[PDB]
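Here is the structure we will look at.
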Amino acid sequence: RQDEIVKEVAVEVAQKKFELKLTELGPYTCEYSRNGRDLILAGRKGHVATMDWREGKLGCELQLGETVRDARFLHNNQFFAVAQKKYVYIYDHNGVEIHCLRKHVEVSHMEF
Amino acid sequence: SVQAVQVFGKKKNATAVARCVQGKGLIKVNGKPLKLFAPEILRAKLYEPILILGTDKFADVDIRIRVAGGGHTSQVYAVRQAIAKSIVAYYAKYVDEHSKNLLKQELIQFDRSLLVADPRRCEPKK
Amino acid sequence: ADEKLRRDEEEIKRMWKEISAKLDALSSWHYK
Amino acid sequence: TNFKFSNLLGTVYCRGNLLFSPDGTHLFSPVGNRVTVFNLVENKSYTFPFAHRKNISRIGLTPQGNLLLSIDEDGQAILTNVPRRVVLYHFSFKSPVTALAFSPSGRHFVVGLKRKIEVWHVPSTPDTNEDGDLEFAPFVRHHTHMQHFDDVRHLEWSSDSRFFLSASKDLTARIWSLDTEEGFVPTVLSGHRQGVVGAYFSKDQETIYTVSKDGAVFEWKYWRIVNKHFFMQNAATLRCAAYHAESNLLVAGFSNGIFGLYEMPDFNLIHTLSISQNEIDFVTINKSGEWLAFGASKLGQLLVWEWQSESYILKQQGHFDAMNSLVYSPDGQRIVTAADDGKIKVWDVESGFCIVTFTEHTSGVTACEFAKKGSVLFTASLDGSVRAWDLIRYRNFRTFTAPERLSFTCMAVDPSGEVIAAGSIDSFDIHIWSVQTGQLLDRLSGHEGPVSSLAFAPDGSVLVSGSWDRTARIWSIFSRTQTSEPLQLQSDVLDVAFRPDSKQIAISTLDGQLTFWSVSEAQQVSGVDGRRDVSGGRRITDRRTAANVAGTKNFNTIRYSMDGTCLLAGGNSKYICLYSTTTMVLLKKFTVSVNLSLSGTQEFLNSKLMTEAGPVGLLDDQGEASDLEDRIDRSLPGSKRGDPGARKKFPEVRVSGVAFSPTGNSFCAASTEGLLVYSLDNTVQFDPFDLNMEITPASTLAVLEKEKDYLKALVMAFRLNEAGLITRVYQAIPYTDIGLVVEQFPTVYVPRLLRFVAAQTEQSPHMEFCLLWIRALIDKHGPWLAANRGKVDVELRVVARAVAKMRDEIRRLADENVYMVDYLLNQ
Amino acid sequence: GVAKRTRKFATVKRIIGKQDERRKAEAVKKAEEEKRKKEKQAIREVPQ
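Going down the list, the sequences are from chains F, u, c, A and P. The entry's author numbering numbers the first residue of the first sequence as 113 and each following residue consecutively. The entry's author numbering numbers the first residue of the second sequence as 3 and each following residue consecutively. The entry's author numbering numbers the first residue of the third sequence as 608 and each following residue consecutively. Reading the fourth sequence from the start, the letters are residues 3 to 224, 243 to 847 in the entry's author numbering. The entry's author numbering numbers the first residue of the fifth sequence as -8 and each following residue consecutively.
The following block contains the structure:
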């Protein structure tokens, strides 16, 4: 059990065994960066959030309304892309919409 | 935090304000009391809302009326409209809602010109 | 040819029924 | 006075599974809240007493067709008693119910939840057990198993009710028991392409059929597959399928409105045709195998189809947009209603069907009216036109319009229907045409705003205009002085209604207040401030509270009753508001909708809904859909009145128009979720007239059988006001003694007797008896009826209804028979 | 339990918009640097 692992294993990573309770807005897609320093959790009812999970630094939590198919970071943890109900929008680190991608319609899966 | 009601009244050009607050029975029209305004032969038309509604409805309020414009007759109709709307409006906002509807019924069963002023346009006949 | 003129005219009437219906729907039926 | 809920009317179908009776002659059709049965071999409809909280998801029936289990969304269950139309058990499945199959042995039912398969014992009812009542928690559960992987679309039992079988949403079907068999292991029917919409048994339970969503239908034997066979279809996917195992036939309804019909021991097309432009939602199939029933869920579109005599026994549809007006014929037997769909259609009060649908307007029909006559249906629309329909020939006389293009929103025809008034929002003059000429007689002046309610007097001497110049107007046309007489009001006039004697008129104005005016000497006589009486509070997208929204606090439409005593009043709200005229008191108030997939129902809407995005019923989840035309949002941004786009989730609660029935005891609300009729319920509630201590049914029947005094027994049974006793003494006195009783009968029970013998003429098989009653009553009570003529004007017209549905229904036949036999006997 | 946190009213999506830094052109940005250096360095150039 992870009570046995969290006890028998060092305290800096015993910090890293955490949980996070978000009931109301759908099943939560998650994706890290490729250094592991940030994660998006997308929520299919709309709720998309970018965070630094170790230091608890919530870089963004955008609400976004309509449904969400997939979220993913780009080359850094500085831009991310989310596949919406109809288009795929990409966003800056502050969660500000830099641009809507119109040529990709009802994208269901993404890979960078 | 006082119980204050502002109310207007109209005729041809005479416009009258009346402020009705929580008082002790007085009605003063341009400073002078109500039984002194509007030369003698029309004070019955001043009193018409009072002795429709009964003075027991008025023994808890104070009505302060400023009247401007018009002639004597139009100032009388502006005053009595401001009286009637003043008490209906005070009983709208401060005492219960049933008593408003009862006062509107008494005034409307007498004459609707105590509440709604109907100014005359003209008739260009066909 | 008159077949081209009348084919163009019928396609333009189809376009105006579709577009004019969408305009009255945007105005929420406050048209003439 | 005392109005309960009669039939919902004007929608044949909404979302939901529909079902036949086991006799085959009753169709169980879900409307939004409720379930309407309509008797189909003898057309007569009825709605049940209950009303769910959400839209009906499903209905199941016991094989002895006496017990009906309905499901609203999120599993909110009911089961009611259909022979005695009473509501019996409440229940709640906790998941939403996506499949439901009641056992053919009347013993179990399997429900398929969002993945769960729970088989339940059916509760024994007080009609079943000997000295038994309602239990507390009557549903006991036999099994539950969640060994599936996705949703369960369909459930189909065996014939002997020992196996049942589940059509997935993943890809598969599964065959399951009720108790452990000795050579059976519960097993899985393998891969389709998309996911099975059905999986049906035969009679011989060896081959199992299974019908997917991508067209393919497989036959399995013992456990591999004996022959998979598809069928082509161009741009559509298979969305419903029903299989009659006795007659070996499979219907299959699709996404493009077409259904195919296939005899299947081997794949063999009987037939196919298209019924809608939209998808086919639900297929049920008769116990005989002769009638097929198809529900298309987007429009109304309920239809029943004879598959061998290829013919529509039923093809009915509601309104797919908001209604705008209803009226009644002066007979009182049919209500007509217009909508923003573009059609004006004519509904029969009995039998629950539309008898006509007129489609010659475009773009939404505002108003709708009759004359005195009931022959001609004058209607008005935003097309710009007032169409004057001929209702005996089902086609229009004359479509009037204005010289400059308008869009009329209000309409009033003279009672002697030779003068038309209409009025618009674009112009703010009022246009009057002449019917017996065809031209435009005048356009009339006076208003400083768009005239928003027009009404002629039932005398027909006075037109009355109510306009957004906060004013009303008496238009005295017909004499040599076409004069006006304004009524300076306080706010924007919403409505105008006449007292049926033309001496008094009521206006709704935008405050929420009604007021009452003399017409001869124009002078306000009375008035209601009804702002608090009408507040059906807190739609979603209200960040304001329920009692602060100005916008549900005004009456759109008002009517008087046929006596002239009570008013109906109703607005963009939840409460219909029934006032009086003499004492001005609110008599009664009705909650239109209990629904919760409507919007304006709950004032004090609960905070469990409000997620950290907003209301959870406001998140656009259209991308959570597996079909392309469901996913595509082809709406226009910011359209209030009719658009083809129509996302249309959570419509609000309005009444779009009330009107009283011309015969007594009924009531119409043109609301959003149908067309509700309320009726003065009289068969449960005891209500005497002037009654003493001795007067029992033993006393009425005592002076009926022991010492026969027919006048005292008749006034005695009236004086109880019990229908069984007045029927007993009515069919007890003889047709010689009728003229004795009526020749000496009290004058103040006469219109009760006229209404009773009118109902007995129209309903009981006693022609010359009841016509002798009417003959005696009008012969003796002639000067009284002619002298009063307004006090009794409804009683004389329910009688004239009865003696003209007798004069035209059987004496056309008597004339045609006597002159036909006169010819064939002349040779 | 507790009266919940009130939503705002006129909320719009955060879009990048005109007159930023990272959208704005580099030569326009050098024009802004020239105008600032010539605005701070207050010099009325009168050649002799």
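Cβ atoms here follow ideal geometry from the backbone N, Cα and C, with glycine treated the same way.
DSSP three-state assignment for residue i, whether helix, strand or coil
i: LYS629 (chain c); result: helix
i: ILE798 (chain A); result: helix
i: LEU44 (chain u); result: helix
i: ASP842 (chain A); result: helix
i: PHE738 (chain A); result: helix
i: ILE73 (chain A); result: strand
i: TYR638 (chain c); result: coil
i: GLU815 (chain A); result: helix
i: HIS216 (chain F); result: coil
i: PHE224 (chain F); result: coil
i: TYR202 (chain A); result: coil
i: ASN9 (chain A); result: strand
i: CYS790 (chain A); result: helix
i: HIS74 (chain u); result: helix
i: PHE776 (chain A); result: helix
i: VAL121 (chain A); result: strand
i: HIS451 (chain A); result: strand
i: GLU370 (chain A); result: coil
i: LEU483 (chain A); result: strand
Residues that residue i contacts on chain u, provided the C-beta gap is smaller than 7 Å
i: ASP479 (chain A); result: Under the 7 Å cutoff, chain u gives no residues; its nearest Cβ is about 22 Å from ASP479 (chain A).
Assigned exposure category for residue i - 16 Cβ within 10 Å defines buried
i: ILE375 (chain A); result: exposed
i: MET163 (chain F); result: buried
i: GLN780 (chain A); result: buried
i: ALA313 (chain A); result: buried
i: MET840 (chain A); result: exposed
i: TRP537 (chain A); result: buried
i: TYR211 (chain A); result: buried
i: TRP367 (chain A); result: buried
i: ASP515 (chain A); result: buried
i: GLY168 (chain F); result: exposed
Closer than 9 Å at the beta carbon, the chain A residues around residue i
i: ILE52 (chain u); result: Residues of chain A passing the Cβ test: none, with the nearest at roughly 21 Å.
i: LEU137 (chain F); result: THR631, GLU632, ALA633, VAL636 and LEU639
i: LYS197 (chain F); result: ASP640, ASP641, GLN642, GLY643, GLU644, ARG651 and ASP653
i: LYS639 (chain c); result: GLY404, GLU424, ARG425, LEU426, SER427 and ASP446
Rounded Cβ spacing between residue i and residue j (contact assumed at less than 8 Å)
i: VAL673 (chain A); j: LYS594 (chain A); result: 5 Å
i: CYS597 (chain A); j: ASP553 (chain A); result: 5 Å
i: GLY67 (chain A); j: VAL43 (chain A); result: Their Cβ separation, rounded to whole angstroms, is 14 Å, which puts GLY67 (chain A) and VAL43 (chain A) out of contact at 8 Å.
i: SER163 (chain A); j: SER107 (chain A); result: 4 Å
i: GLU644 (chain A); j: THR141 (chain F); result: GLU644 (chain A) to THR141 (chain F), Cβ: 14 Å. No contact.
i: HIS156 (chain A); j: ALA101 (chain A); result: 6 Å
i: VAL90 (chain u); j: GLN77 (chain u); result: With a Cβ gap of about 21 Å, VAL90 (chain u) and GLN77 (chain u) do not count as contacting.
i: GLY362 (chain A); j: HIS381 (chain A); result: 6 Å
Interface residues of chain A facing residue i [CB-CB closer than 8 Å]
i: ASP631 (chain c); result: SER383
i: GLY177 (chain F); result: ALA633, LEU639 and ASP640
Chain-ordered chain c contacts of residue i [CB-CB under 8 Å]
i: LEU460 (chain A); result: Within chain c, no residue comes near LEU460 (chain A); the closest Cβ sits about 17 Å away, beyond 8 Å.
i: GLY665 (chain A); result: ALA632
Residues that residue i contacts on chain A, provided the C-beta gap is smaller than 7 Å
i: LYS624 (chain c); result: Per Cβ cutoff of 7 Å: no residues; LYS624 (chain c) is ~10 Å from chain A at best.
i: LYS(-5) (chain P); result: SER627 and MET630
Under 9 Å from the C-beta of residue i: neighbouring residues of chain P
i: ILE210 (chain F); result: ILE6, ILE7, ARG13 and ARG14
8 Å Cβ cut-off: residues of chain P touching residue i
i: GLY658 (chain A); result: Chain P residues near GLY658 (chain A): none, gap ~16 Å exceeds 8 Å.
Partner residues on chain P for residue i, Cβ-Cβ distance less than 7 Å
i: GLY207 (chain F); result: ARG5
Going along the region 498 to 526 of chain A in order, which residues come within less than 9 Å of chain u, judged by CB to CB distance?
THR501, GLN502, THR503, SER504, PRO506, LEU507, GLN508, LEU509 and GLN510
Could you please tell me which residues of the region 637 to 650 of chain A, in chain order, have their CB closer than 7 Å to any CB of chain F?
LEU639, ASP640, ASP641, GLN642, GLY643 and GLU644
In chain order, what residues of the region 524 to 548 of chain A put their CB closer than 7 Å to some CB of chain u?
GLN544 and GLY547
Using a Cβ-Cβ cut-off of less than 9 Å, list which residues of the region 141 to 165 of chain F approach chain A; keep chain order.
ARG156, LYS157, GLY158 and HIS159
Check each residue of the region 547 to 564 of chain A: if its Cβ is closer than 9 Å to any Cβ of chain P, include it; give the result in chain order.
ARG563
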